[PDB]
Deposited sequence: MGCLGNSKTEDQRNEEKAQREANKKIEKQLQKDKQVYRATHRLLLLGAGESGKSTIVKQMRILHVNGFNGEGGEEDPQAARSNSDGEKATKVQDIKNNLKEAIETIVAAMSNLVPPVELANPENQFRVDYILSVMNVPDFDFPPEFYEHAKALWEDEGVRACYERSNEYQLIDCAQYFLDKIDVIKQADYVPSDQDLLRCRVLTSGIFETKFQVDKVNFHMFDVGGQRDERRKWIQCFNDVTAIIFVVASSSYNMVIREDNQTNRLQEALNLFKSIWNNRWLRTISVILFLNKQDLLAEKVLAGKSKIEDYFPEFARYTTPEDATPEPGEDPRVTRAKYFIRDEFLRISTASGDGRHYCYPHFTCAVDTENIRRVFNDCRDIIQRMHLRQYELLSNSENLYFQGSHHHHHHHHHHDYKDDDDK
């Protein structure tokens, strides 16, 4: 117990904590039918959310092909039906809708509603998933989204060093449970969906997701029982941040006006071939939490920012390798 490192994963909803747990299980560590079931549930949720939001957007998005209009209604018909059997008709209709240009245009405006992160990945894999002999790959398992309620513990070992990952729920109603893991915690890994700067949280549909994460990190950093606990900042969803930055449809400054005057720090270490815009956006997001950490960093604890992509196994492996020495150093400091 004294030789094991207790790493508590914190952060707002859909930040990527469960995907970090999955990456730890992949690296250092009947059920397959359940995993396929949640994968298909994610597929159905994505398609129904997009179809419903087509008429709910301002302005509403019309279907590119009118002949697919009935295909929408079926998706609307079985939206609230639980324990769906997923017939081949549903798969065909979902594929036809996803190939429609109007549905894609509605998907490009997914920041105007609440859509899961694994939408495109599974809507482009419908054909493979729809098979009765569908075997979910490691990336398919990583992309699967399941809301986490409660405290989950995963014990793994790296280089004969024991780690105990405490995964919690990121929604507000779950945050009251977080204090149950604040005792004897070696490290806090705060996962942030860095690409969610243009999205609002599900709890109230008004608070910005990145602003919600910033407020949550301010609460965690200035917590009474976490005054001497260093927080390893996981700036997650870097790939989606890069796509959103290169797309240019949702500018960072349109939601965080201080980004316009921001300039890339000289200590930046971008990956080779990285676009300067992505580097600037990601380092602005990093400095947003660095400001909070330094506002009360009296030397009792420190913030370690890492640009992570949870669905990327190699990137998470490198990040955890870079974090292992930090974690053991803070355990010594404890």
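According to the record, the deposited residues with no C-alpha atom in the structure span 1-36, 66-85, 391-423.
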